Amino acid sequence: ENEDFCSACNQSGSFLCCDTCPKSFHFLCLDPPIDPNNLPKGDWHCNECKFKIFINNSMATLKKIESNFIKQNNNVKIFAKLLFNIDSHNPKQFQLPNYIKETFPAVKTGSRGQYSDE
């Protein structure tokens, strides 16, 4: 069974459900956003599942796949591992890290992540 909340923003509402894992997502929280007036007719998989489906049906290993990418991206070598990781992770809502938020003690985070100053 699929989950009750959007994996990207943790809120309630209408979701597309992954067919190979329990995650659910708001149509607009996906990357790219899915149009509810043009929903996919067949199965649908989240980015994380899509990546594992990719890897498994690959002749090479995830270590080798990663290795060739880094070679392919030597012009931006310091970012190559960061770039490779993107496609294995589902989209999420941006949130400021705690080391920024904690600098401002008068500011609180509300129940949906919203800025609150009482």
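Quick note: we count residues from 1 along the sequence shown, nothing fancier.
Annotation for 73-81 versus 58-66: the higher mean temperature factor (C-alpha) is found in 58-66. The mean Cα B-factor in the deposited entry runs higher for 14-22 than for the other of 14-22 and 95-103. Highest CA B-factor among 35, 31, 43, 48, as stated in the entry: 43. Annotation for residue 2: C-alpha temperature factor in the highest third relative to the rest of the modelled chain, per the entry.
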